[PDB]
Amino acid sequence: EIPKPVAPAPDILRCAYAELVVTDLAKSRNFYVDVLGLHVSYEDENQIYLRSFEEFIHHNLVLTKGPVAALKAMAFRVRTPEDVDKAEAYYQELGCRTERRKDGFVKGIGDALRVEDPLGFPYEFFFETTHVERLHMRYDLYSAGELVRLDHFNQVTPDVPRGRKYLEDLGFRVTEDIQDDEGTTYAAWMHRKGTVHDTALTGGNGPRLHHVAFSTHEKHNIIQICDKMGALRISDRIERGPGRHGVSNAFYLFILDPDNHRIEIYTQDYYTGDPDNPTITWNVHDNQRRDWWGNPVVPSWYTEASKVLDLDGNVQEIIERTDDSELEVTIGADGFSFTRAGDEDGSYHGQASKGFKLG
């Protein structure tokens, strides 16, 4: 349905940064700097520019004060200056609105293209960026919960196959997905950089941003973030986890920022860089697909996500999903999940695993 352009796709390296609009800059700074330990590249009254421990580009996260909390841009770094021109030509052929600024939208980025993509998401493509001190061996700064890299984005969109085809044409390869036996796709993960993903599509009303993910070196680092949140008496901001994912095999945690933007902390997924990397499809009823240990997925994880902005800074209208809901088919009234395919024992009918039901 989204046609393959004749113009060549830009060569995308990786997810690079997200610009999030936040309502109280000081409160958000306390979360991202004082709680999570991200490193300040620049700040003023209106914006905070943050980077992870191993990053050498100017930032992985820009926090921009505004009236309505939202994703303003998810940004991908491209291989060459010329790929920014390629991006503009490709999205113009797709019929999308685009904006080009030769000196960047945010500080520390040069020539950049922002687009309203066909799924309603504000993507940025850039090559030029101000390099900064790469802090990877600054163990004098290293925190017990240190965030070392930006890893991925996760986007909520109503029609996953439509989005998946478009991202494949753009050069992302699907590594894993969740489907059922009736033709429905609930989620797909897709990459450029050779990890399980750079972005992912989650079926639901959208466009909305599900989360931004940062990695740690080790599992104990994620444990420490939880432990610190308990010490700060903000354990109510731990949404889900910690856990082992089935999809991706990573150890993970989901937490919520002061504007309810969801952040994932993630570690130890696998290499996907080979072009015939085997695609893994999980059945939506498999209770080990999202949490390998079977722990239930809280309903807010399926229903809540961040607004996204258009190029004018207005909120994008939400389009309802008409395909089946993962929540409904797994933990809802008519839901079903299994631990062992075909075994009634360890199965759940109309409720979540481990003795819980939907609140």
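Start at 1 and count along the sequence shown; that's the residue number.
**Student:** Mind pulling up the entry and telling me whether 138-146 or 159-167 has the higher mean Cα temperature factor?
**Tutor:** Higher mean C-alpha B-factor in the PDB entry: 159-167.
**Student:** Which is higher on mean Cα B factor in this entry, 271-279 or 175-183?
**Tutor:** Higher of the two, by average CA B-factor, is 271-279.
**Student:** Considering only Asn46, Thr330, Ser52, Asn295, which residue's Cα atom bears the greatest B-factor as recorded?
**Tutor:** In the PDB entry, the greatest C-alpha B-factor among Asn46, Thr330, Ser52, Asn295 is found at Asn46.
**Student:** Whose CA atom has the top B-factor in the entry, of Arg100, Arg233, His210, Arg289?
**Tutor:** When the deposited C-alpha B-factors of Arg100, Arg233, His210, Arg289 are compared, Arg100 is largest.
**Student:** Can you tell me whether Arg14 has a C-alpha B-factor in the lowest, middle or highest third compared with the other modelled residues of the same chain?
**Tutor:** Middle third of the chain for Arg14's C-alpha B-factor.
**Student:** Select lowest, middle or highest to describe the third in which the CA B-factor of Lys65 falls within its chain in this entry.
**Tutor:** Within its chain, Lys65 is a highest-third residue by C-alpha B-factor, going by the deposited values.
**Student:** Consider only the C-alpha atoms of the modelled residues in this chain, order them by B-factor as the entry records it, and name the third containing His245: lowest, middle or highest.
**Tutor:** Tercile = lowest for this residue's CA B-factor.
**Student:** Splitting the chain's C-alpha B-factors into thirds, which one does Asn260 fall into?
**Tutor:** Middle third, going by the recorded CA B-factors of the chain.
**Student:** Would you please rank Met190 by its C-alpha temperature factor against the other modelled residues of its chain and give the third it falls in: lowest, middle or highest?
**Tutor:** Its C-alpha B-factor, which the entry lists for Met190, ranks in the middle third among residues of this chain.
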